[PDB]
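Trainee: Here is the input, now give the coordinates:
(one chain, ligands or ions: 1)
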Amino acid sequence: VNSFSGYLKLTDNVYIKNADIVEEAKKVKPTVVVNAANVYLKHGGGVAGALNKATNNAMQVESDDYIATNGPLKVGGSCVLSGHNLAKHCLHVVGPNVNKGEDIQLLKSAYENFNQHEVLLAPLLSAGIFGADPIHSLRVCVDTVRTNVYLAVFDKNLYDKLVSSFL
Ligand SMILES: CC1(C)CCC(=O)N1Nc1ncnc2[nH]c3cc(F)ccc3c12
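Mentor: Residues are numbered from 1 along each chain as shown. See the structure here:
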């Protein structure tokens, strides 16, 4: 038993709540929050920029030191850093960016990083809010992650509808 609430059981190990992942994290303070990051860990906007703003830029400061030491992540890769005031840890995961011509098959590799953690609060990766992409991000998540994943989806229409289209 954990402290997640209003999470609609999607499968044996996948759950979802109509929520902003940043606000979910502040309330729950989970062991692991997933950031939908880029390879440079430049948290300018989206979940990344909003989580970082919620850390008062401490996430960015820590990330810049990580990159200066280790260089960029791989598309499909991840690193574990501090969760600051939002979680014990933040798992920064990079899904393919199709607008950069990056192969979306790498989305499965991205979700495989979740299997190294027993429980995670996560947003949708390589999805966005338009077309069959966000819908696609969920199918790969369900078919790839075996650990317990709590998906926060901020957009209601997508939340409402991913549920209604879920096989
Ligand atoms: C793009 C994608 C990652 C996948 C589908 C989805 O809804 N996304 N965004 C978000 N994901 C998680 N929490 C969120 N909080 C928010 C608060 C806002 F004002 C605006 C957007 C979000 C948001």
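
Trainee: how many neighbours does residue 62 have?
Mentor: Residue 62: 16 surrounding residues under other CB atoms under 10 Å. Using the backbone N, CA and C atoms, a C-beta is placed for each residue, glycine as well.

Trainee: Residue 79 now?
Mentor: Counted with other CB under 10 Å, residue 79 comes out at 18.

Trainee: Now the nearest residue to it once chain neighbours are set aside. Its backbone dihedrals?
Mentor: Nearest residue to residue 79, sequence neighbours excluded (CB to CB, 6 or more residues apart in numbering): residue 92, at 5.4 Å. Residue 92 adopts backbone torsions of phi -80, psi 120, taken as degrees, to the nearest 10.

Trainee: what's the answer for residue 159, then?
Mentor: The phi/psi pair for residue 159 (degrees, to the nearest 10) is phi -50, psi -60.

Trainee: Contact residues of the protein facing the ligand?
Mentor: 20-22, 36, 47, 123-124, 127-129, 134, 152-155, 158 (CB under 6 Å from any ligand atom).

Trainee: and these, which of them are in strands?
Mentor: Assigned to strands by DSSP state E, the following of the residues of the chain next to the ligand qualify: 36, 152, 153.
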